[PDB]
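Trainee: sharing an experimental structure here, sequence included.
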2 protein chains.
Amino acid sequence: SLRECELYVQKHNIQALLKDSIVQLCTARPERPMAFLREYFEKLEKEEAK
Amino acid sequence: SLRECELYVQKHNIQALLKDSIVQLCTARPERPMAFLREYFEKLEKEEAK
C-alpha cells in the first residue's frame, strides 16, 4: 500500500511538481496562494489532456 | 529569507493542504492527477475569494 503510493507519486512526478509549486509560492508571495496553485496545476492539466 | 518562506507556508496552511492532496491522490489513484490537483485547489480558490 505504501509502496503503491510511492510508485504512483514517482510515476506522476508529484514530488517535484509540489516542490516547485512551493518554491514559486515563497518566491512570489502571492496575495492569492490558492488561486496561484489552481492556475499552476491548470496549466499542467492542459498538457495531461492534450 | 528562509524564515520568511516558513512563515508564509505556515500562514496559508500550505503544508497540511499539500499533505492532504497527496493523501487523496494515493488513496483515489486518479487517472488524471493533474486535473485532480487543479480541481482540489479550485475549490479552495473559491473560499479564498469569497
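Mentor: Good, I have the coordinates. Residues are numbered from 1 along each chain as shown, chains lettered A, B, ... in the order given.

Trainee: what about the longest helix in chain A?
Mentor: helix A:33-49 (DSSP state H).

Trainee: that one to helix B:33-49, inter-axis angle?
Mentor: Angle of helix A:33-49 versus helix B:33-49, following axes from the mean of the first three to the mean of the last three CA atoms, to 10 degrees, is 160 degrees.

Trainee: now do residue A:26 against residue A:40, distance only.
Mentor: 13 Å (CB to CB, to the nearest Å). Every C-beta, even on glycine, is put in place using the N, C-alpha and C of the backbone.

Trainee: and residue A:32, how many neighbours?
Mentor: Neighbourhood size, residue A:32 [other CB atoms under 10 Å in any protein chain shown]: 13.

Trainee: the closest residue to it other than its chain neighbours: what's it in contact with?
Mentor: Nearest non-adjacent residue to residue A:32, counting by CB to CB, 6 or more residues apart in numbering or on different chains: residue B:48, 6.0 Å away. Listed by CB atoms under 8 Å, 6 or more residues apart in numbering or on different chains, the contact set of residue B:48 reads A:32-35.
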